[PDB]
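Novice: So the protein sequences, as listed, match chains A and B. Position 68 of the first sequence, counting from 1, maps to 68 under this note's numbering, and the rest follow consecutively. Every number in this note's numbering is 1000 more than the matching position in the second sequence, counting from 1.
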Amino acid sequence: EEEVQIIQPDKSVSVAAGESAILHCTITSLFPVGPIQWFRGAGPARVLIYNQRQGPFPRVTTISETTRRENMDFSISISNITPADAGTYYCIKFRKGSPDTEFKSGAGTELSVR
Amino acid sequence: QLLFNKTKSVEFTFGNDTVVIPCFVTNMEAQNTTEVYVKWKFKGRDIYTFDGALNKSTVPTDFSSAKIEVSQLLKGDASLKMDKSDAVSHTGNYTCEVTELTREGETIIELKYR
Ligand SMILES: *[C@@H]1O[C@H](CO)[C@@H](O)[C@H](O)[C@H]1NC(C)=O
Ligand SMILES: *[C@@H]1O[C@H](CO)[C@@H](O)[C@H](O)[C@H]1NC(C)=O
Ligand SMILES: *[C@@H]1O[C@H](CO)[C@@H](O)[C@H](O)[C@H]1NC(C)=O
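(1) Would residue 46(A) count as contacting chain B if we go by Cβ distances under 8 Å?
(2) What does DSSP give as the partner residue(s) for residue 74(A) in the beta ladder?
(3) If you pair each beta-carbon of the stretch 1005-1016 of chain B with each one of the stretch 98-107 of chain A, do three or more pairs fall below 8 Å?
(4) Grouping DSSP H, G and I as helix and E and B as strand, with all else coil, what is residue 4(A)?
(5) Just checking, does the stretch 1037-1045 of chain B make contact with the stretch 1091-1099 of chain B on the three C-beta pairs under 8 Å criterion?
(6) Taking a Cβ distance cut-off of 8 Å, strictly less, list which residues of the stretch 29-40 of chain A are near chain B, in chain order.
(7) Nearest-angstrom Cα distance between residue 17(A) and residue 50(A)?
(8) Check whether the stretch 41-57 of chain A touches the stretch 1023-1035 of chain B, taking contact to mean three or more Cβ pairs, one atom from each stretch, closer than 8 Å.
(9) Using only the alpha-carbon positions, how far apart do residue 26(A) and residue 102(A) sit?
(10) Hey, which residues come within less than 6 Å of ligand 3, measuring from Cβ to any heavy atom, in chain order?
(11) Within the 8 Å Cβ cut-off, does residue 1016(B) reach chain A?
(12) Check whether the Cβ of residue 1049(B) lies closer than 7 Å to any heavy atom of ligand 2, and answer yes or no.
(13) Taking 8 Å as the CB-CB limit, is residue 52(A) close to chain B?
(14) Taking Cβ to Cβ, would you say residue 96(A) is nearer than 8 Å to residue 1051(B)?
(15) Could you tell me the distance, in whole angstroms, from the CA atom of residue 35(A) to the CA atom of residue 1001(B)?
(16) Please name the residue, chosen from 89(A), 113(A), 12(A), that lies closest to residue 41(A) on a Cα-to-Cα basis.
(17) Would you tell me roughly how many angstroms separate the C-alpha atoms of residue 28(A) and residue 1088(B), rounded to the nearest one?
(18) Taking beta-carbon pairs under 7 Å, can you tell me which members of the stretch 86-101 of chain A lie near chain B?
(19) Is the beta carbon of residue 78(A) sitting closer than 8 Å to the one on residue 85(A)?
(20) Could you round the C-beta distance between residue 1068(B) and residue 1081(B) to whole angstroms and report it? I think they count as a contact, below 8 Å.
(21) Can you confirm whether residue 1105(B), when its beta carbon is compared against all beta carbons of chain A, has any partner nearer than 8 Å?
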């Protein structure tokens, strides 16, 4: 039982408009209790891109079988990329509470559009 | 995600001494309640939170009666129980949020006071 690490292997990804982009994230542990969420940007105006609870999120498909307890792959595919989709995507682990608090964020994956 | 056996809405008259809102997860695999977190949301605010890691329930002053049957949690039952007084003053759509380790999900049930 060691502190979870969040791994986004790709520092940056590039893709032509109208095409899809894979955003990789894996975690080393399923503890503590609380969800993984994807955001674009950092700070108070960052945009929620995906979580398991508030879907479906159109254009977003999970790479792995995220309905399985032992799943630690939270990679997603985003279809029909537009210039609005540019920015840094953060895979972020949260702790439960009122409200949930951010526990740890991945390094970030810079997406850009051609 | 945690998956749910959904319900559009439930009813309760003046004869109903206590009101039960159904919430049932179907792919729950929790080994201990410490793995589980439950949120019952209403008009934005959390009217009931169960924190399994801490083994504690939190309610606001208006919702003094709201609670769940903790014995049923590992079965996947996070149904909410409250009396008539709390029910009448808070009629509307309810959101049942459940988290198990990193998996999470929610489902909506509307309370109707016919
Ligand atoms: C649940 O977890 C707690 C804390 O780790 C432990 O004390 C308790 O024995 C566990 N319950 C069961 C039924 O294993
Ligand atoms: C939850 O609290 C009850 C009463 O305080 C206690 O008996 C029970 O052991 C707790 N459950 C745990 C620690 O898993
Ligand atoms: C409950 O939610 C539905 C939307 O799914 C809405 O039509 C209805 O008005 C809501 N009920 C209340 C009391 O707001």
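Cβ atoms here follow ideal geometry from the backbone N, Cα and C, with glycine treated the same way.
Specialist: By the coordinates alone:
(1) As a first step, residue 46(A) is located in the first sequence; it is residue number 46 there, counting from the start. Cβ-Cβ to chain B under 8 Å: no for residue 46(A).
(2) By one-based count along the first sequence, residue 74(A) stands at place 74. Per DSSP, none; premise fails for residue 74(A).
(3) no
(4) Here residue 4(A) refers to the residue found at position 4 of the first sequence. Reduced to three states, the DSSP call for residue 4(A) is coil.
(5) yes
(6) 30, 31, 32, 33, 34, 35, 36
(7) Residue numbering aside, residue 17(A) sits at position 17 when the first sequence is read from its first letter. Residue numbering aside, residue 50(A) sits at position 50 when the first sequence is read from its first letter. Each residue's alpha carbon lies about 20 Å from the other.
(8) no
(9) Stepping through the first sequence from its first residue, residue 26(A) is reached at position 26. Stepping through the first sequence from its first residue, residue 102(A) is reached at position 102. Cα to Cα, residue 26(A) sits roughly 17 Å from residue 102(A).
(10) 1092(B), 1093(B), 1110(B)
(11) The sequence position of residue 1016(B) within the second sequence is 16, counting from 1. Judged by the 8 Å Cβ criterion, residue 1016(B) is not in contact with chain A.
(12) Along the second sequence, read from residue 1 onward, the residue named residue 1049(B) stands at position 49. Checking every heavy atom of ligand 2 against the Cβ of residue 1049(B), none is found closer than 7 Å.
(13) Stepping through the first sequence from its first residue, residue 52(A) is reached at position 52. Yes, residue 52(A) counts as interfacial toward chain B.
(14) Taking the first residue of the first sequence as 1, we reach residue 96(A) at position 96. Taking the first residue of the second sequence as 1, we reach residue 1051(B) at position 51. Contact: yes.
(15) On the first sequence, position 35 is the one that residue 35(A) refers to. On the second sequence, position 1 is the one that residue 1001(B) refers to. If I take the Cα positions, the gap works out to 10 Å.
(16) Against the first sequence, residue 41(A) aligns to sequence position 41. Cα-wise, what sits closest to residue 41(A) is 89(A).
(17) Taking the first residue of the first sequence as 1, we reach residue 28(A) at position 28. Taking the first residue of the second sequence as 1, we reach residue 1088(B) at position 88. C-alpha separation (whole angstroms): 46 Å.
(18) 96, 98
(19) As a working mapping, residue 78(A) is identified with position 78 in the first sequence. As a working mapping, residue 85(A) is identified with position 85 in the first sequence. Yes, they are a contact pair.
(20) Position 68 of the second sequence, counting from 1, holds the residue named residue 1068(B). Position 81 of the second sequence, counting from 1, holds the residue named residue 1081(B). 6 Å between Cβ atoms; contact.
(21) Locating residue 1105(B) in the second sequence gives position 105, counting from the first residue. Interface residue, yes.
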